[PDB]
Colleague: 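After the structure tokens below, expect a handful of questions from me.
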Amino acid sequence: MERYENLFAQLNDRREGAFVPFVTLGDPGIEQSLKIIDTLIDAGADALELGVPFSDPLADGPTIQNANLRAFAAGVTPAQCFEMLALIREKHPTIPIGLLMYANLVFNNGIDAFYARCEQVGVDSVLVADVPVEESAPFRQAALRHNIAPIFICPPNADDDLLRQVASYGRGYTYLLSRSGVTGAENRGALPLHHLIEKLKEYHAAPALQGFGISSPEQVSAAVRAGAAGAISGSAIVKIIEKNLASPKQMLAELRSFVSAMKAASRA
Amino acid sequence: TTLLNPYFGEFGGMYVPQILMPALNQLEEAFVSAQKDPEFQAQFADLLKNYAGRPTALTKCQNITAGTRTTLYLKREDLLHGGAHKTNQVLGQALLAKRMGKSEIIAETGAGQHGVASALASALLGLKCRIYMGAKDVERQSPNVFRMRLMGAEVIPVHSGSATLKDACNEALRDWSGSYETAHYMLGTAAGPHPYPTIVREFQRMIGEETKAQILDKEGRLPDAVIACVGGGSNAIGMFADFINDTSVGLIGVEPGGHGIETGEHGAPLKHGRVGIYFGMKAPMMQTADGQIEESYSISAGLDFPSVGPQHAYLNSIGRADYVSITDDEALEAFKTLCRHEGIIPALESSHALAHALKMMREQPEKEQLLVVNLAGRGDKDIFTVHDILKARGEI
Ligand SMILES: Cc1ncc(COP(=O)(O)O)c(/C=N/[C@@H](CO)C(=O)O)c1O
Ligand SMILES: O=P(O)(O)OCCNS(=O)(=O)c1ccc(OC(F)(F)F)cc1
Ligand SMILES: [Cl-]
Ligand SMILES: [Cl-]
Ligand SMILES: [Cl-]
Ligand SMILES: [Cl-]
Ligand SMILES: [Cl-]
Ligand SMILES: [Cl-]
Ligand SMILES: [Cl-]
Ligand SMILES: [Cl-]
Ligand SMILES: [Cl-]
Ligand SMILES: [Cs+]
Ligand SMILES: [Cs+]
């Protein structure tokens, strides 16, 4: 399919950035996770990034470590996550769905088979957090054979060769990393990224989404102003889940308010 | 792009977040440079000799082989400063950190031996050391934690995941991913992303080099086999390296069999796990059917790494090295035997290697064989564990 291509073209027509939340599938349980995701969409999410619970999420800070742990406490497995993904797609025809994976979950039962299952359930992209461009070949090849966009990371300290590699090999979107370190709302990016954004465009890269430490409307607007196609926010969303575990009602209300405000910040 | 092959056959690689690739490239370059630098080599040799106490003895153990045609030597890494082989490579890695202009050290530890080694090297060389340790390990290793703290290191309990060594490994990499400009990650075994399997081997290879010289002097020939326990693989690859091209010399690695392979409660992924991708490498793993990483189990705290170094998986695949397992009970019999018959208290980790050598001897007592066991650590740390087992048995 062309879900990212179609989304970015439509957003371009509206002079609009994309707002893309991340959550962990099955946090804090399958049924509540499904409701969380539908709320994110209803409140204005343009695309989703969805994590499969993994034992060793070594690119994630404590907020998302804890989301993984909550999903495990609820007995969530990769198989159940794929059931969830199938249902999410069955409800929502056009929203791009990206997975955040770790390599072992992709390799476990065969790389090709992993991407074939993604295609079957209607996933649009896969980002494997612990696979750098240098190791990407079997992942990106399997992705493209199954109509899945392989998402590459452009770090702030990217050299020209890396920019050219990410631009060439990637599809869907280019992940524009805000800063070094791991996921977390408590650490805001401190580097201007407009030069990287400009070079990616020169090299015909997939449109850039800025991610890591995005927790506020002003950061969404800043990403758009810098030339990015949009912004991803994970920890700030997951914090709302964590804060409101005892009140599913208040949780959904606060998620809606937050997503609405963040999406508003993307608009022309 | 790298200077050296990051793989041993299909095993190894550099499976880290993109943000960490410059750190790995920098470390590889610094290592390759250091290996050609006579000043670096002289500084490393000076520390190994005058601080750590190299060379280590090669002890002939006559009582335990009496009446058989086995001749058994122990390579005495138990006598190194710190009480285990871990000291050798931390001194080299500390010098690499300095070479790169870094003044902070990050390390992971399970049993606490690597943490202690990292702390002592950091104290000596004026580096600020922070050590990640799973909270469950912190609770059960209060002596080692206190040793690390006495030597000025910060010990940071890790509560995520299973709160054990794999979780400490993750936390070290998380830290490094945001601190590599100022801090070096002093990884504690011959595993992880390239270039660590290579660096750790080269900074432990004096074990095998000395053993070769010592056995030639004493016996006038190479050993029939050298035998070492395998957690992550550092002591074993240190013993094996200099003998790899001596194809008559057997290389035997002993993984922990725990309660028995059949029980699933073991730490023997090379022979009884499944290849996965984790901790920056493609290697045999302890893992669930759906690919979640699992803990290793052993009576011995230090054989807890839930994977194995990629060079071991490679040497196995081509048939150069052979890997076996030894159960908790076998390791315990070997521990008691060495204490009573040689007056040496061995680490429970290397008691696995000794147990396998004793099996080689006892199974075929009229087979002429010259064996070396790598005694990678002393067992003072283990007398409480052993006491408690013997008491529960009604042996005492
Ligand atoms: C006394 C001793 N012998 C063998 C090994 C096994 O390690 P290799 O296979 O030689 O790398 C260890 C390991 N210890 C680690 C993991 O807990 C640690 O201290 O952090 C050990 O402490
Ligand atoms: O808002 P934050 O700071 O929590 O960041 C959101 C992160 N969620 S994600 O799926 O985009 C994401 C993307 C990349 C990650 O690691 C990698 F860069 F190494 F690949 C980890 C998570
Ligand atoms: Cl596989
Ligand atoms: Cl799967
Ligand atoms: Cl601003
Ligand atoms: Cl705006
Ligand atoms: Cl090469
Ligand atoms: Cl390869
Ligand atoms: Cl032989
Ligand atoms: Cl053989
Ligand atoms: Cl014989
Ligand atoms: Cs003998
Ligand atoms: Cs092992």
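Labels below follow one simple rule: chain letters A, B, ... track the order of the sequence lines, proteins then strands, and each chain is numbered from 1. All values below come from the heavy atoms of this structure, side chains included, with hydrogens, waters and symmetry mates left out.
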Colleague: Answer whether the closest heavy-atom distance between the side chains of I261(B) and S325(B) falls below 4.5 Å.
Modeller: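 Side chain of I261(B) against side chain of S325(B), heavy atoms only: contact under 4.5 Å found.
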Colleague: Can you sort out the partners of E366(B) under side-chain hydrogen bond (donor to acceptor under 3.5 Å, both in side chains), two or more places apart, ordered by chain and number?
Modeller: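 side-chain hydrogen bond (donor to acceptor under 3.5 Å, both in side chains) list for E366(B), sorted by chain: empty.
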Colleague: At their closest point, which heavy atom of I277(B) faces which heavy atom of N104(A), and how far apart are they?
Modeller: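 The pair with the smallest heavy-atom distance is N-OD1, 2.9 Å.
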Colleague: Filter on side chain to side chain donor-acceptor pair (under 3.5 Å), then keep only pairs touching residues 118-128 of chain B, sequence neighbours left out; what's left?
Modeller: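 Sorted result for residues 118-128 of chain B: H114(B)-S118(B).
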Colleague: Ring pair (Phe, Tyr, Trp, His ring centres under 6.0 Å): which pairs involve residues 25-45 of chain B, sequence neighbours left out?
Modeller: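 Qualifying pairs, neighbours excluded: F31(B)-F203(B), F44(B)-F203(B).
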Colleague: Under the criterion side chain to side chain contact (heavy atoms under 4.5 Å, CB included), I'd like the reasoning laid out for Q89(B) against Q204(B): C-alpha separation, chi angles, the key distance, then a yes or no.
Modeller: CA-CA 6 Å; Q89(B) 74 100 15; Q204(B) 287 291 358; 3.5 Å; yes
Colleague: Is any side-chain heavy atom of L390(B) less than 4.5 Å from a side-chain heavy atom of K336(B)?
Modeller: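 Counting from C-beta outward, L390(B) and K336(B) do come under 4.5 Å.
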Colleague: Hey, are the side chains of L72(B) and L354(B) touching, using non-hydrogen atoms and a 4.5 Å cut-off?
Modeller: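 Side-chain contact under 4.5 Å: yes.
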Colleague: Do the ring centers of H312(B) and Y323(B) come within less than 6.0 Å of each other?
Modeller: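 Centroid separation for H312(B) and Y323(B): below 6.0 Å.
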Colleague: Compare all side-chain heavy atoms of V226(B) with those of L251(B) and state whether any distance is below 4.5 angstrom.
Modeller: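 The answer is yes, as the side chains (C-beta and beyond) meet within the 4.5 Å cut-off.
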Colleague: Does atom CG of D246(B) have more than 12 heavy-atom neighbours, drawn from other residues, nucleotides or ligands, at distances under 6.0 Å?
Modeller: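 Yes, enclosed.
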Colleague: Just jot down the side chain to side chain contact (heavy atoms under 4.5 Å, CB included) partners of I156(B), sequence neighbours excluded, or say none.
Modeller: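 With neighbours one apart ignored, the set is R130(B), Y132(B), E154(B).
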Colleague: Looking at every non-hydrogen atom in both residues, tell me the closest pair between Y180(B) and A23(B) and how far apart they are.
Modeller: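 Looking at all heavy atoms of both residues, the shortest contact is CB-CB, 3.8 Å.
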Colleague: Excluding sequence neighbours, so at least two apart, what forms ring pair (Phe, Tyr, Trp, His ring centres under 6.0 Å) with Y73(B)?
Modeller: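 By the ring pair (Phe, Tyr, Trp, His ring centres under 6.0 Å) rule, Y73(B) matches no residue at all.
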Colleague: Is the shortest side-chain heavy-atom distance between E210(B) and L58(B) below 4.5 Å?
Modeller: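 A side-chain contact under 4.5 Å is absent here.
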Colleague: Treating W176(B) as the side-chain partner and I106(B) as the backbone partner, does any N or O pair qualify as donor plus acceptor under 3.5 Å?
Modeller: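 Pair absent, no side-chain N/O of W176(B) close to backbone of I106(B).
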Colleague: Between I383(B), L303(B), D328(B), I299(B), which is the residue that forms a side chain to side chain contact (heavy atoms under 4.5 Å, CB included) with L348(B)?
Modeller: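 When side chain to side chain contact (heavy atoms under 4.5 Å, CB included) is applied between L348(B) and each of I383(B), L303(B), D328(B), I299(B), only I299(B) qualifies.
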Colleague: Using side-chain hydrogen bond (donor to acceptor under 3.5 Å, both in side chains) as the criterion, list what pairs up with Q311(B), not counting sequence neighbours.
Modeller: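 With neighbours one apart ignored, the set is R201(B).
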Colleague: Checking the side chain of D167(B) only, and the main-chain atoms of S162(B) only, is there a donor and an acceptor separated by less than 3.5 Å?
Modeller: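 At least one qualifying donor-acceptor pair exists.
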Colleague: Any idea which heavy atoms bring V145(B) and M133(B) closest together, and the distance?
Modeller: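 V145(B) and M133(B) have their closest heavy atoms at CG2-SD, 3.7 Å.
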Colleague: Report yes if some heavy atom in the side chain of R54(B) is under 4.5 Å from a heavy atom in the side chain of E77(B); otherwise report no.
Modeller: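 Yes. Closest side-chain heavy atoms under 4.5 Å.
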Colleague: Taking all atoms of both residues into account, what is the closest heavy-atom pair of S234(B) and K86(B), and its distance?
Modeller: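 For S234(B) versus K86(B), the nearest heavy atoms are OG-NZ, 3.9 Å.
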Colleague: Please list, chain by chain and in numerical order, all residues satisfying side chain to side chain contact (heavy atoms under 4.5 Å, CB included) with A347(B), sequence neighbours excluded.
Modeller: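 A347(B) satisfies side chain to side chain contact (heavy atoms under 4.5 Å, CB included) with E349(B), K381(B), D382(B) once adjacent residues are dropped.
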Colleague: Check step by step if side-chain hydrogen bond (donor to acceptor under 3.5 Å, both in side chains) holds for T70(B) and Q369(B).
Modeller: CA-CA 5 Å; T70(B) 293; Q369(B) 59 188 328; 3.3 Å; yes
Colleague: Just to verify, what does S55(A) make a side chain to side chain contact (heavy atoms under 4.5 Å, CB included) with, not counting sequence neighbours?
Modeller: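 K166(B), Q292(B), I293(B).
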Colleague: Do side-chain atoms of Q214(B) reach the backbone of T56(B) as a donor and acceptor pair under 3.5 angstrom?
Modeller: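 Answer holds: yes.
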Colleague: Between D37(B) and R99(B) (salt bridge meaning N to carboxylate O under 4.0 Å), is one present in this structure?
Modeller: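 Looking at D37(B) and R99(B), the cut-off is met.
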Colleague: Would the distance check show the side chain of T327(B) and the main-chain N or O of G258(B) forming a donor-acceptor pair, the cut-off being under 3.5 Å?
Modeller: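 Not at all, since once roles are kept as given, no pair shorter than 3.5 Å links the two residues.
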Colleague: Would you find a donor on one side and an acceptor on the other, under 3.5 Å apart, between the side chain of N235(B) and the backbone of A228(B)?
Modeller: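 Side chain of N235(B) to backbone of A228(B), a donor-acceptor pair under 3.5 Å: no, none is there.
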Colleague: Can you list the residues that meet the side-chain hydrogen bond (donor to acceptor under 3.5 Å, both in side chains) rule with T337(B), with sequence neighbours excluded?
Modeller: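 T337(B) satisfies side-chain hydrogen bond (donor to acceptor under 3.5 Å, both in side chains) with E333(B) once adjacent residues are dropped.
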Colleague: Listing request: all ring pair (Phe, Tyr, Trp, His ring centres under 6.0 Å) pairs with a residue in residues 324-344 of chain B, at least two apart in sequence or in separate chains.
Modeller: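 Every candidate ring pair (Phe, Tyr, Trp, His ring centres under 6.0 Å) pair involving residues 324-344 of chain B fails, so no pair, neighbours aside, qualifies.
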Colleague: Would you find a donor on one side and an acceptor on the other, under 3.5 Å apart, between the side chain of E342(B) and the backbone of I64(B)?
Modeller: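 Indeed, once roles are kept as given, a pair shorter than 3.5 Å links the two residues.
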Colleague: Could you check whether any side-chain N or O of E255(B) sits under 3.5 Å from a backbone N or O of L270(B), counting only pairs where one atom can act as donor and the other as acceptor?
Modeller: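 Indeed, once roles are kept as given, a pair shorter than 3.5 Å links the two residues.
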Colleague: Less than 4.0 Å between a side-chain N and a carboxylate O, is that true for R140(B) and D137(B)?
Modeller: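 So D137(B) pairs with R140(B) through a salt bridge.
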Colleague: Hey, can you pull the donor-acceptor pairs under 3.5 Å for the side chains in residues 191-200 of chain B, sequence neighbours left out?
Modeller:
residue, atom, partner, partner atom, Å
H194(B), NE2, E28(B), OE2, 2.8
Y196(B), OH, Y185(B), O, 2.7

Colleague: Decide yes or no for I207(B) and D242(B): does some side-chain heavy atom of the first lie under 4.5 Å from some side-chain heavy atom of the second?
Modeller: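 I207(B) vs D242(B): side chains apart.
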Colleague: What residues form a ring pair (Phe, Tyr, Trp, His ring centres under 6.0 Å) with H85(B), not counting sequence neighbours?
Modeller: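 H85(B) satisfies ring pair (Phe, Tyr, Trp, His ring centres under 6.0 Å) with no residue once adjacent residues are dropped.
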Colleague: Can you tell me if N170(B) and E108(B) form a side-chain donor-acceptor pair at under 3.5 Å?
Modeller: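 Distance-only check fails for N170(B) and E108(B).
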Colleague: Would you find a donor on one side and an acceptor on the other, under 3.5 Å apart, between the side chain of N5(B) and the backbone of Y7(B)?
Modeller: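 Indeed, once roles are kept as given, a pair shorter than 3.5 Å links the two residues.
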